[PDB]
Amino acid sequence: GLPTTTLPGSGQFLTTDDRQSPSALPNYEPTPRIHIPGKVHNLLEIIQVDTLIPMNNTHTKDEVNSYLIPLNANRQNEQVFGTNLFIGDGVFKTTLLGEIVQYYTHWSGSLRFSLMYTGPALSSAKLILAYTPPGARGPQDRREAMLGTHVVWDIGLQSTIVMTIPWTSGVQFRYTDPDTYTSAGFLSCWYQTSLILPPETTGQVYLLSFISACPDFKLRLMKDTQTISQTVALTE
Amino acid sequence: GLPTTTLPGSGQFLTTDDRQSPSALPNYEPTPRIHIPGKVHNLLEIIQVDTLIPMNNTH
Amino acid sequence: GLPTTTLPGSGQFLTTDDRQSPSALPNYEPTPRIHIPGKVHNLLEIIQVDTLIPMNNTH
Amino acid sequence: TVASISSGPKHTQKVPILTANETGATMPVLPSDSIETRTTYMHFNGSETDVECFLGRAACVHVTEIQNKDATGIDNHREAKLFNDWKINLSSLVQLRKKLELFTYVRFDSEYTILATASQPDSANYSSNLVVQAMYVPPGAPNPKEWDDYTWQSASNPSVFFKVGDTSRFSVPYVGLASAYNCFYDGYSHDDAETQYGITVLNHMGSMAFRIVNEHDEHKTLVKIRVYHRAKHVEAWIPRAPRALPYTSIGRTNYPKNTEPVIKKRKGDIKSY
Amino acid sequence: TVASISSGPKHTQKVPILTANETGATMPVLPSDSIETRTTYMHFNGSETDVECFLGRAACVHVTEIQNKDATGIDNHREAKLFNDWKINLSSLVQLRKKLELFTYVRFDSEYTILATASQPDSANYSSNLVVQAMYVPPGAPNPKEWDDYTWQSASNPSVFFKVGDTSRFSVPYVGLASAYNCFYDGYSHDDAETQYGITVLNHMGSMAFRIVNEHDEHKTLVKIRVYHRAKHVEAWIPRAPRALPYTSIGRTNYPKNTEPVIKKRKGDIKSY
Amino acid sequence: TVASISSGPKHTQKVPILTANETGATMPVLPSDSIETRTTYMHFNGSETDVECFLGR
Amino acid sequence: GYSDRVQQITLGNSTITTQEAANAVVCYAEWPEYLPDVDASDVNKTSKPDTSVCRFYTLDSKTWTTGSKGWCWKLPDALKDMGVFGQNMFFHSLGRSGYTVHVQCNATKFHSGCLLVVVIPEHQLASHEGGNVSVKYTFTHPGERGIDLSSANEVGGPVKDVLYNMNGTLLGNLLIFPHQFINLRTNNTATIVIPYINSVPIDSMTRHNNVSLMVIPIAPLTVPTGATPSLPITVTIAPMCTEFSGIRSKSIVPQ
Amino acid sequence: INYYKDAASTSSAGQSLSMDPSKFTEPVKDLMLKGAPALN
Amino acid sequence: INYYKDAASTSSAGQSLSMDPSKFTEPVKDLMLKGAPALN
Amino acid sequence: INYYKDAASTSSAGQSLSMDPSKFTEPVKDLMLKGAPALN
Ligand SMILES: Cc1cc(CCCCCCCOc2ccc(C3=N[C@@H](C)CO3)cc2Cl)on1
Ligand SMILES: Cc1cc(CCCCCCCOc2ccc(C3=N[C@@H](C)CO3)cc2Cl)on1
């Protein structure tokens with residue numbers, strides 16, 4: 001008989017501990033694995049695939065239309081859309097990125113925001129996208145917007161433009177749940193010159209917008225998502 | 001005295017676990033084995049012998 | 001199963017003991033350290049800096 | 001590892017930021033393709049986002065309850081909770097369910113922890129000490145009918161006996177019939193016109209059965225069982241869109257009617273911040 | 001190591017005891033610069049004044065309380081202490097606080113011990129055996145609303161279940177967002193005219209939540225939770241003046257008005273012994 | 001270990017499927033003696049049918 | 001002078017040419033291949049009709065109009081009646097296959113509109129009834145007709161709400177599945193190569209569909225002034241590396 | 001590691017991995033070859 | 001040290017440290033180079 | 001022997017045995033020698 005002493009914590013059950021256990025089914029042989037395409041190893045692998053952002057959130061019931069950012073022909077100087085960058089809330093929240101970020105407490109890294117244009121091929125347009133780093137207000141006019149991170153996008157044969165929100169930060173991690181100290185800025189978009197439709201054409205054209213994370217990205221300290229809850233256990 | 005911590009499951013009895021136990025009969029000597037024809041090792045050995053099927057179940 | 005005996009003191013919590021514990025946050029990666037001037041290692045380092053004595057205590 | 005390299009002004013014919021998303025790719029664009037950057041290192045590995053880590057902590061998967069009371073004159077033990085049962089599965093309580101259904105096929109060993117606590121809602125002199133016996137009843141094996149049937153002998157079926165207030169823990173290998181468990185299944189068990197659709201049809205491994213071994217004392221004792229499940233040795237294939245609407249049933253994808261808009265409406269314009 | 005060397009009479013032009021304190025230095029003067037000494041050795045290392053040792057013992061950081069009782073008809077579990085909560089921090093009880101605030105920035109892993117004891121202030125037949133469940137709820141994660149919400153499933157959030165009367169112990173890595181925790185912060189969360197000032201703004205890691213897993217017995221049971229915290233792997237920068245006045249609030253430096261003189265007045269003259 | 005070997009058409013004078021059960025033997029006939037098979041491996045050892053396992057709980 | 005843009009796919013006795021492609025997607029970066037022995041279980045030699053089943057079948061055409069919500073086809077169902085592919089299907093106990101899907105929609109440089117073409121492995125549909133109502137067989141086996149998401153709820157059928165993918169997930173996140181867009185201004189076809197994806201090495205072709213192909217208008221069709229307000233969309237699909245096993249009597253399936 | 005002195009006290013035995021059905025499936029005195037006629 | 005005989009009874013697995021998003025982010029048939037035109 | 005995988009779970013650290021008060025006691029820009037005049 002070897003002398004032992006038990007410490008504080010004996011008998012506790014910590015849902016996060018990782019130890020060995022007896023197998024209830026001694027000697028059982030599991031089914032062989034066969035090959036299946038698509039294996040995922042890290043959630044970091046999947047948040048780099050871009051998905052659509054319901055940017056046009058202004059509706060009243062969920063609709064395919066809140067994915068469409070409208071553009072008006074012949075407007076000059078004006079603003080196309082605006083949003084803050086609380087990736088865990090608001091427009092971002094239902095996107096795959098938003099949806100995964102919510103399983104973690106802290107995030108750090110660059111984001112990739114792209115816009116794909118869908119107007120007739122014989123039209124043309126020049127837009128400016130601007131990222132405003134924390135510390136200033138959402139820009140109120142392009143002059144204000146153009147003094148921060150921006151890209152003049154020229155609509156052409158190449159249909160999409162990929163803007164990166166480079167990680168601009170004092171503190172090396174931010175909260176995924178919106179927090180002030182930890183806030184990330186604003187994203188706005190304005191006409192640089194203006195949309196022009198060809199003859200025989202009319203109305204609004206739309207941009208689709210996507211979001212995905214750069215390879216830069218870090219997420220840490222897992223927790224429970226506000227995105228799902230329940231009141232009684234389900235049954236069959 | 002070596003410091004320990006006990007985990008969840010301590011004291012449980014799992015009918016399928018396989019561990020050592022003290023022998024109640026210390027030092028006892030079992031009867032020698034003699035040879036007996038017919039030893040079975042796997043149930044897989046015996047399910048290969050065919051047996052009759054009551055196919056005509058209608059009684 | 002290895003035979004053990006527990007000694008007096010089992011289960012006690014001594015605020016001054018120093019042992020290992022399971023991490024509640026398995027696999028979490030702490031923020032990198034950056035350099036900060038001023039690191040203290042011993043209280044003996046700081047009690048050698050002189051400070052003023054309110055000698056005139058009479059107020 | 002560098003998180004960003006140093007990059008300076010650019011005036012090229014080589015534009016990495018113009019792409020064609022119609023192709024289905026997400027081109028790997030970085031901050032340094034469109035602003036001037038400085039070197040910085042990652043200092044991070046992505047350890048805690050590994051799927052083994054993501055699915056590897058215990059989650060509550062089931063809460064049931066049984067009572068110890070005089071069975072004298074009870075015509076239906078099962079019905080008196082003289083020993084309940086659970087048609088095993090992992091998608092009754094939803095926190096863990098949304099996590100698993102981020103994948104289509106999943107393969108893992110399970111580690112179960114079972115916590116049992118007792119309640120004595122009406123006048124008792126004391127708290128008795130009950131031993132629970134929770135045995136695994138696969139498909140094609142007698143289910144117990146009374147709380148003390150021959151079934152409980154469990155001569156071939158793994159069973160664990162632990163005390164109420166304590167916890168029991170053991171681990172079961174991956175018992176799936178195929179190479180992975182389906183998280184989803186767009187099929188039937190056969191081409192029947194009325195057979196059920198979905199995964200309740202593949203997913204079946206019979207039910208787990210609990211009872212108190214103790215005979216009855218003078219008062220009644222409620223024992224409530226909580227089963228926790230931790231995946232170990234995880235393998236996951238084919239990521240899918242996360243669950244947006246609430247769940248209604250074990251094993252079907254169905255969402256409730258007149259549900260509410262899941263996308264938050266802006267308080268303001270598209271232009272609003 | 002010598003604590004003092006041998007030194008004899010001196011009649012020099014080299015005076016180590018005259019200095020200019022206006023410079024900000026504390027010149028390293030020793031007994032042997034001004035009296036005749038003999039050799040003596042230190043016999044000591046300064047082991048127990050290491051900051052790891054100074055901050056490394058468990059200190060009580062929080063006492064809360066929850067009760068097990070029939071929740072039937074309770075409109076606000078939180079309010080009935082059917083399961084309390086603690087907005088985590090380390091500066092409510094002050095013994096440990098004064099110790100930490102001897103430094104400006106501090107970095108360490110935490111080891112928590114949680115002791116839970118039960119009380120039955122009014123007539124009970126017995127002492128029941130309750131299991132506590134204390135789960136960690138970070139910022140941006142549902143807080144439980146009832147004592148038995150889906151939240152308690154805690155499928156992704158670390159939770160520990162232990163018995164009242166026992167102790168639970170686990171250790172959490174340094175969870176700060178920056179490189180160190182600030183002990184002090186002369187800033188705001190943004191340039192707002194009315195935002196709060198101080199460190200309550202950086203310092204936030206959501207709250208810890210406790211509940212009893214047991215349903216109710218016939219009597220009521222008070223369970224009082226004490227959280228102890230031990231720093232391990234300590235790193236401290238920039239020493240500061242010790243706290244002289246009493247504390248009034250978590251996270252602000254504020255002292256109470258009409259406080260009392262903190263320097264003891266002489267009973268006698270400056271000349272008094 | 002192969003569970004089945006590959007086997008193709010047969011037109012022989014050597015018929016493994018005709019036997020005389022009166023002898024008391026169970027002749028070891030396989031799928032590949034009477035249909036055309038493809039190779040497949042066992043992936044299994046028969047561990048949990050060992051008598052030690054069968055009587056050992 | 002090779003462009004990403006022009007392409008030719010020849011499979012069997014049938015060829016497709018596109019002069020306005022946008023590359024092609026190969027699901028999960030894997031190309032269809034036959035079933036290796038190491039992965040095999042059924043001992044039966046399989047049948048590989050090759051060129052008689054691995055050719056291009058063009059399903060009947062759809063009409064995109066300003067009110068369209070989107071269409072959904074299931075595989076192998078959509079092909080249950082195409083030539084010898086279909087016969088083989090009803091006649092063997094088990095079968096396995098990959099596909100090349102080519103979705104076609106041309107317009108002019110004055111039109112606008114953008115379709116999402118996506119392949120979803122194991123697309124288990126939801127009942128519009130809620131609760132645990134099932135979706136009857138016939139409803140998930142529309143055949144070449146596919147399911148029309150702008151048709152009305154029917155009884156025993158699936159829900160046809162587009163912002164929810166017919167299963168409780170948001171349209172916006174379908175992009176995690178192999179997919180390609182058809183943006184009239186860029187593109188005129190979409191091509192996806194689908195490797196066989198299952199948790200078993202071979203399965204039944206009638207009780208289980210292993211992918212749904214979905215074509216969904218996202219930016220509404222907008223025709224030039226006084227143009228007819230609609231465009232046809234055509235889907236052509238070719239089984240590739242098909243294998244059938246366990247031949248017999250010929251399945252009889254509901255309805 | 002055995003902690004105990006007696007052999008009965010050790011854990012379960014380990015798989016025969018013996019397996020030879022012929023004592024049960026082919027106990028015939030003159031050997032039968034599959035493919036050759038049963039009765040000559 | 002494993003104390004138990006079966007593999008299911010061992011603790012959690014250890015980090016894939018595999019990580020290759022290209023099956024998801026770039027499943028295109030003809031390789032796309034960043035910087036070169038998307039559609040030629 | 002660490003029984004646990006993560007570094008936070010190990011016991012207390014071990015004595016700096018670093019000790020250098022000069023950053024606090026003599027942060028002067030031009031070095032002062034004891035015995036030499038303070039102000040020259
Ligand atoms: C005593 C005792 C009691 C027991 C029970 C052993 C475990 C039996 C159940 C096997 C695990 O079952 C599942 C595994 C995975 C999934 C699963 N559902 C999908 C979403 C994905 O995975 C479901 C079940 Cl029921 O063993 N010994
Ligand atoms: C179950 C379970 C429960 C838990 C909780 C884990 C610990 C969470 C809290 C993290 C530590 O928080 C702090 C560390 C340092 C300081 C600090 N304040 C300044 C004076 C200095 O340091 C404050 C807090 Cl709240 O984890 N698993």
# chains A, B, ... in the order shown; residues from 1 in each chain; ligands from 1
>>> calpha_fit_and_write(fixed="chain H", moving="chain I", output="PDB file with N, CA, C and O atoms, in the first residue's frame")
ATOM      1  N   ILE I   1       1.797  -3.979 -15.045  1.00  0.00           N
ATOM      2  CA  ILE I   1       2.291  -4.251 -13.655  1.00  0.00           C
ATOM      3  C   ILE I   1       1.378  -5.033 -12.735  1.00  0.00           C
ATOM      4  O   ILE I   1       0.298  -4.485 -12.327  1.00  0.00           O
ATOM      5  N   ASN I   2       1.754  -6.222 -12.328  1.00  0.00           N
ATOM      6  CA  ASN I   2       0.791  -6.925 -11.416  1.00  0.00           C
ATOM      7  C   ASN I   2       1.029  -6.385 -10.036  1.00  0.00           C
ATOM      8  O   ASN I   2       2.207  -6.452  -9.710  1.00  0.00           O
ATOM      9  N   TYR I   3       0.047  -5.963  -9.289  1.00  0.00           N
ATOM     10  CA  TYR I   3       0.301  -5.518  -7.900  1.00  0.00           C
ATOM     11  C   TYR I   3       0.187  -6.626  -6.868  1.00  0.00           C
ATOM     12  O   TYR I   3       0.529  -6.402  -5.679  1.00  0.00           O
ATOM     13  N   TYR I   4      -0.332  -7.726  -7.347  1.00  0.00           N
ATOM     14  CA  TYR I   4      -0.669  -8.862  -6.490  1.00  0.00           C
ATOM     15  C   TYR I   4       0.109 -10.102  -6.863  1.00  0.00           C
ATOM     16  O   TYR I   4       0.504 -10.393  -8.038  1.00  0.00           O
ATOM     17  N   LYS I   5       0.260 -10.967  -5.849  1.00  0.00           N
ATOM     18  CA  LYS I   5       1.095 -12.121  -5.951  1.00  0.00           C
ATOM     19  C   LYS I   5       0.548 -13.305  -6.686  1.00  0.00           C
ATOM     20  O   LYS I   5       1.382 -13.989  -7.276  1.00  0.00           O
ATOM     21  N   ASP I   6      -0.745 -13.540  -6.608  1.00  0.00           N
ATOM     22  CA  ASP I   6      -1.369 -14.734  -7.164  1.00  0.00           C
ATOM     23  C   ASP I   6      -1.801 -14.556  -8.568  1.00  0.00           C
ATOM     24  O   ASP I   6      -2.207 -13.394  -8.903  1.00  0.00           O
ATOM     25  N   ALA I   7      -1.850 -15.618  -9.393  1.00  0.00           N
ATOM     26  CA  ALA I   7      -2.225 -15.402 -10.803  1.00  0.00           C
ATOM     27  C   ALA I   7      -3.696 -15.132 -10.983  1.00  0.00           C
ATOM     28  O   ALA I   7      -4.037 -14.613 -12.037  1.00  0.00           O
ATOM     29  N   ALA I   8      -4.501 -15.494 -10.027  1.00  0.00           N
ATOM     30  CA  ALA I   8      -5.959 -15.375 -10.250  1.00  0.00           C
ATOM     31  C   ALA I   8      -6.253 -13.909 -10.164  1.00  0.00           C
ATOM     32  O   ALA I   8      -7.375 -13.532 -10.458  1.00  0.00           O
ATOM     33  N   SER I   9      -5.217 -13.191  -9.724  1.00  0.00           N
ATOM     34  CA  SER I   9      -5.701 -11.793  -9.378  1.00  0.00           C
ATOM     35  C   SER I   9      -5.464 -10.892 -10.502  1.00  0.00           C
ATOM     36  O   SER I   9      -5.940  -9.721 -10.454  1.00  0.00           O
ATOM     37  N   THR I  10      -4.899 -11.395 -11.568  1.00  0.00           N
ATOM     38  CA  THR I  10      -4.575 -10.565 -12.773  1.00  0.00           C
ATOM     39  C   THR I  10      -5.803 -10.346 -13.615  1.00  0.00           C
ATOM     40  O   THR I  10      -6.757 -11.080 -13.415  1.00  0.00           O
ATOM     41  N   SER I  11      -5.720  -9.384 -14.514  1.00  0.00           N
ATOM     42  CA  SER I  11      -6.926  -9.020 -15.295  1.00  0.00           C
ATOM     43  C   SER I  11      -7.093 -10.056 -16.394  1.00  0.00           C
ATOM     44  O   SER I  11      -6.322 -11.007 -16.406  1.00  0.00           O
ATOM     45  N   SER I  12      -8.118  -9.761 -17.183  1.00  0.00           N
ATOM     46  CA  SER I  12      -8.630 -10.703 -18.211  1.00  0.00           C
ATOM     47  C   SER I  12      -7.482 -11.097 -19.122  1.00  0.00           C
ATOM     48  O   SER I  12      -6.467 -10.406 -19.222  1.00  0.00           O
ATOM     49  N   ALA I  13      -7.639 -12.257 -19.768  1.00  0.00           N
ATOM     50  CA  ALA I  13      -6.602 -12.796 -20.585  1.00  0.00           C
ATOM     51  C   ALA I  13      -6.243 -12.228 -21.887  1.00  0.00           C
ATOM     52  O   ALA I  13      -4.936 -12.679 -22.147  1.00  0.00           O
ATOM     53  N   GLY I  14      -6.766 -11.455 -22.764  1.00  0.00           N
ATOM     54  CA  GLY I  14      -5.860 -11.318 -24.114  1.00  0.00           C
ATOM     55  C   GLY I  14      -6.388 -12.368 -25.082  1.00  0.00           C
ATOM     56  O   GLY I  14      -6.758 -13.573 -24.760  1.00  0.00           O
ATOM     57  N   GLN I  15      -6.424 -11.973 -26.409  1.00  0.00           N
ATOM     58  CA  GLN I  15      -7.197 -12.774 -27.401  1.00  0.00           C
ATOM     59  C   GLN I  15      -6.408 -13.931 -28.010  1.00  0.00           C
ATOM     60  O   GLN I  15      -5.369 -13.797 -28.636  1.00  0.00           O
ATOM     61  N   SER I  16      -7.101 -15.092 -27.736  1.00  0.00           N
ATOM     62  CA  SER I  16      -6.614 -16.372 -28.154  1.00  0.00           C
ATOM     63  C   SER I  16      -5.852 -16.183 -29.496  1.00  0.00           C
ATOM     64  O   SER I  16      -4.712 -16.672 -29.754  1.00  0.00           O
ATOM     65  N   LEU I  17      -6.725 -15.468 -30.258  1.00  0.00           N
ATOM     66  CA  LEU I  17      -6.105 -15.308 -31.674  1.00  0.00           C
ATOM     67  C   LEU I  17      -5.618 -16.726 -32.065  1.00  0.00           C
ATOM     68  O   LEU I  17      -4.544 -17.109 -32.704  1.00  0.00           O
ATOM     69  N   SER I  18      -6.539 -17.745 -31.560  1.00  0.00           N
ATOM     70  CA  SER I  18      -6.164 -19.118 -32.000  1.00  0.00           C
ATOM     71  C   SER I  18      -6.998 -19.454 -33.223  1.00  0.00           C
ATOM     72  O   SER I  18      -6.344 -19.412 -34.305  1.00  0.00           O
ATOM     73  N   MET I  19      -8.270 -19.743 -33.066  1.00  0.00           N
ATOM     74  CA  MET I  19      -9.165 -19.909 -34.210  1.00  0.00           C
ATOM     75  C   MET I  19      -8.889 -20.972 -35.227  1.00  0.00           C
ATOM     76  O   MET I  19      -8.239 -20.643 -36.258  1.00  0.00           O
ATOM     77  N   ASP I  20      -9.493 -22.137 -35.088  1.00  0.00           N
ATOM     78  CA  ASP I  20      -9.376 -23.238 -36.009  1.00  0.00           C
ATOM     79  C   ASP I  20     -10.646 -24.091 -35.984  1.00  0.00           C
ATOM     80  O   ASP I  20     -10.716 -25.045 -35.160  1.00  0.00           O
ATOM     81  N   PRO I  21     -11.527 -23.723 -36.874  1.00  0.00           N
ATOM     82  CA  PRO I  21     -12.847 -24.358 -36.895  1.00  0.00           C
ATOM     83  C   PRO I  21     -12.738 -25.750 -37.412  1.00  0.00           C
ATOM     84  O   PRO I  21     -13.807 -26.426 -37.220  1.00  0.00           O
ATOM     85  N   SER I  22     -11.717 -26.216 -37.948  1.00  0.00           N
ATOM     86  CA  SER I  22     -11.760 -27.555 -38.571  1.00  0.00           C
ATOM     87  C   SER I  22     -12.067 -28.599 -37.554  1.00  0.00           C
ATOM     88  O   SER I  22     -12.608 -29.607 -38.116  1.00  0.00           O
ATOM     89  N   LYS I  23     -11.786 -28.525 -36.310  1.00  0.00           N
ATOM     90  CA  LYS I  23     -12.194 -29.680 -35.450  1.00  0.00           C
ATOM     91  C   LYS I  23     -13.703 -29.847 -35.439  1.00  0.00           C
ATOM     92  O   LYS I  23     -14.201 -30.997 -35.204  1.00  0.00           O
ATOM     93  N   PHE I  24     -14.444 -28.794 -35.638  1.00  0.00           N
ATOM     94  CA  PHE I  24     -15.897 -28.726 -35.676  1.00  0.00           C
ATOM     95  C   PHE I  24     -16.409 -28.815 -37.090  1.00  0.00           C
ATOM     96  O   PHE I  24     -17.437 -29.573 -37.281  1.00  0.00           O
ATOM     97  N   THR I  25     -15.837 -28.177 -38.057  1.00  0.00           N
ATOM     98  CA  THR I  25     -16.431 -28.175 -39.417  1.00  0.00           C
ATOM     99  C   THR I  25     -15.991 -29.278 -40.331  1.00  0.00           C
ATOM    100  O   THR I  25     -16.685 -29.609 -41.366  1.00  0.00           O
ATOM    101  N   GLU I  26     -14.906 -29.929 -40.120  1.00  0.00           N
ATOM    102  CA  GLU I  26     -14.385 -30.976 -40.940  1.00  0.00           C
ATOM    103  C   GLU I  26     -13.719 -32.063 -40.151  1.00  0.00           C
ATOM    104  O   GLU I  26     -12.489 -32.305 -40.332  1.00  0.00           O
ATOM    105  N   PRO I  27     -14.454 -32.696 -39.241  1.00  0.00           N
ATOM    106  CA  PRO I  27     -13.854 -33.803 -38.489  1.00  0.00           C
ATOM    107  C   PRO I  27     -13.925 -35.064 -39.305  1.00  0.00           C
ATOM    108  O   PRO I  27     -14.224 -36.129 -38.638  1.00  0.00           O
ATOM    109  N   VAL I  28     -13.731 -35.071 -40.631  1.00  0.00           N
ATOM    110  CA  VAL I  28     -13.820 -36.354 -41.365  1.00  0.00           C
ATOM    111  C   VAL I  28     -12.496 -37.088 -41.353  1.00  0.00           C
ATOM    112  O   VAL I  28     -11.418 -36.561 -41.172  1.00  0.00           O
ATOM    113  N   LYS I  29     -12.511 -38.385 -41.438  1.00  0.00           N
ATOM    114  CA  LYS I  29     -11.323 -39.213 -41.342  1.00  0.00           C
ATOM    115  C   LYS I  29     -10.554 -39.060 -42.633  1.00  0.00           C
ATOM    116  O   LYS I  29      -9.371 -38.768 -42.441  1.00  0.00           O
ATOM    117  N   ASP I  30     -11.057 -39.229 -43.794  1.00  0.00           N
ATOM    118  CA  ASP I  30     -10.348 -39.028 -45.039  1.00  0.00           C
ATOM    119  C   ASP I  30     -10.769 -37.595 -45.525  1.00  0.00           C
ATOM    120  O   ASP I  30     -11.936 -37.411 -45.746  1.00  0.00           O
ATOM    121  N   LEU I  31      -9.736 -36.829 -45.716  1.00  0.00           N
ATOM    122  CA  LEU I  31      -9.694 -35.465 -46.123  1.00  0.00           C
ATOM    123  C   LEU I  31     -10.542 -35.203 -47.391  1.00  0.00           C
ATOM    124  O   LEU I  31     -10.370 -35.915 -48.351  1.00  0.00           O
ATOM    125  N   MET I  32     -11.303 -34.167 -47.302  1.00  0.00           N
ATOM    126  CA  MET I  32     -12.188 -33.834 -48.437  1.00  0.00           C
ATOM    127  C   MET I  32     -11.645 -32.614 -49.118  1.00  0.00           C
ATOM    128  O   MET I  32     -11.405 -31.594 -48.410  1.00  0.00           O
ATOM    129  N   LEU I  33     -11.361 -32.637 -50.436  1.00  0.00           N
ATOM    130  CA  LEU I  33     -10.955 -31.374 -51.101  1.00  0.00           C
ATOM    131  C   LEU I  33     -12.042 -30.648 -51.803  1.00  0.00           C
ATOM    132  O   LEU I  33     -12.721 -31.268 -52.722  1.00  0.00           O
ATOM    133  N   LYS I  34     -12.193 -29.399 -51.515  1.00  0.00           N
ATOM    134  CA  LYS I  34     -13.361 -28.629 -52.161  1.00  0.00           C
ATOM    135  C   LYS I  34     -13.294 -28.667 -53.638  1.00  0.00           C
ATOM    136  O   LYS I  34     -12.251 -28.155 -54.249  1.00  0.00           O
ATOM    137  N   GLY I  35     -14.268 -29.214 -54.378  1.00  0.00           N
ATOM    138  CA  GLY I  35     -14.011 -29.099 -55.893  1.00  0.00           C
ATOM    139  C   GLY I  35     -13.862 -30.509 -56.369  1.00  0.00           C
ATOM    140  O   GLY I  35     -14.331 -30.841 -57.508  1.00  0.00           O
ATOM    141  N   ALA I  36     -13.230 -31.312 -55.574  1.00  0.00           N
ATOM    142  CA  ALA I  36     -13.234 -32.764 -55.906  1.00  0.00           C
ATOM    143  C   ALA I  36     -14.605 -33.274 -55.474  1.00  0.00           C
ATOM    144  O   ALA I  36     -15.157 -32.671 -54.511  1.00  0.00           O
ATOM    145  N   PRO I  37     -15.070 -34.332 -56.092  1.00  0.00           N
ATOM    146  CA  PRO I  37     -16.315 -34.980 -55.740  1.00  0.00           C
ATOM    147  C   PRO I  37     -16.338 -35.382 -54.257  1.00  0.00           C
ATOM    148  O   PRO I  37     -15.307 -35.881 -53.849  1.00  0.00           O
ATOM    149  N   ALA I  38     -17.447 -35.196 -53.619  1.00  0.00           N
ATOM    150  CA  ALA I  38     -17.655 -35.610 -52.223  1.00  0.00           C
ATOM    151  C   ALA I  38     -17.526 -37.110 -52.072  1.00  0.00           C
ATOM    152  O   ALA I  38     -16.833 -37.624 -51.152  1.00  0.00           O
ATOM    153  N   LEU I  39     -18.253 -37.820 -52.921  1.00  0.00           N
ATOM    154  CA  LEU I  39     -18.215 -39.327 -52.792  1.00  0.00           C
ATOM    155  C   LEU I  39     -17.732 -39.826 -54.153  1.00  0.00           C
ATOM    156  O   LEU I  39     -18.347 -39.437 -55.182  1.00  0.00           O
ATOM    157  N   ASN I  40     -16.691 -40.542 -54.122  1.00  0.00           N
ATOM    158  CA  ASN I  40     -15.928 -41.130 -55.212  1.00  0.00           C
ATOM    159  C   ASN I  40     -16.373 -42.617 -55.266  1.00  0.00           C
ATOM    160  O   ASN I  40     -17.592 -42.858 -55.403  1.00  0.00           O
TER     161      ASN I  40
END
>>> residues_near_ligand(ligand="ligand 1", cutoff="6 Å", atoms="only C-alpha atoms and all ligand atoms", output="list in words")
residues 24 of chain A; 88, 89, 90, 100, 134, 135, 136, 158, 159, 160, 172, 175, 181, 182 and 183 of chain D
>>> select_by_dssp(residues="range 17-245 of chain G", states="strand (DSSP E or B)", output="ChimeraX atom specification")
/G:17-18,25-26,44,47,57-58,62-65,71-75,92-104,112-121,127,147-148,158,169,179-183,189-194,203,208,211-222,230-245
>>> closest_atom_pairs(of="chain C", to="ligand 2", cutoff="8 Å", atoms="only C-alpha atoms and all ligand atoms", output="tab-separated table")
residue	atom	partner	partner_atom_place_in_ligand_line	distance
C:23	CA	ligand 2	27 (N)	7.9
C:24	CA	ligand 2	27 (N)	4.5
C:25	CA	ligand 2	26 (O)	6.8
>>> write_last_selection(atoms="N, CA and C atoms", output="PDB file, in the first residue's frame")
ATOM      1  N   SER C  23      -6.339  22.935 -16.504  1.00  0.00           N
ATOM      2  CA  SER C  23      -6.693  24.259 -17.065  1.00  0.00           C
ATOM      3  C   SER C  23      -8.151  24.226 -17.535  1.00  0.00           C
ATOM      4  N   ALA C  24      -8.957  25.192 -17.154  1.00  0.00           N
ATOM      5  CA  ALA C  24     -10.342  25.319 -17.605  1.00  0.00           C
ATOM      6  C   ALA C  24     -10.417  25.666 -19.098  1.00  0.00           C
ATOM      7  N   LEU C  25      -9.528  26.368 -19.648  1.00  0.00           N
ATOM      8  CA  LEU C  25      -9.378  26.790 -20.997  1.00  0.00           C
ATOM      9  C   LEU C  25      -8.239  26.010 -21.719  1.00  0.00           C
TER      10      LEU C  25
END
>>> residues_around(residues="range 26-34 of chain D", least_positions_apart="5", cutoff="7 Å", atoms="only C-alpha atoms", output="list in words")
residues 49, 50, 110, 164, 166 and 214 of chain A; 7, 16 and 17 of chain D; 25, 26 and 34 of chain I
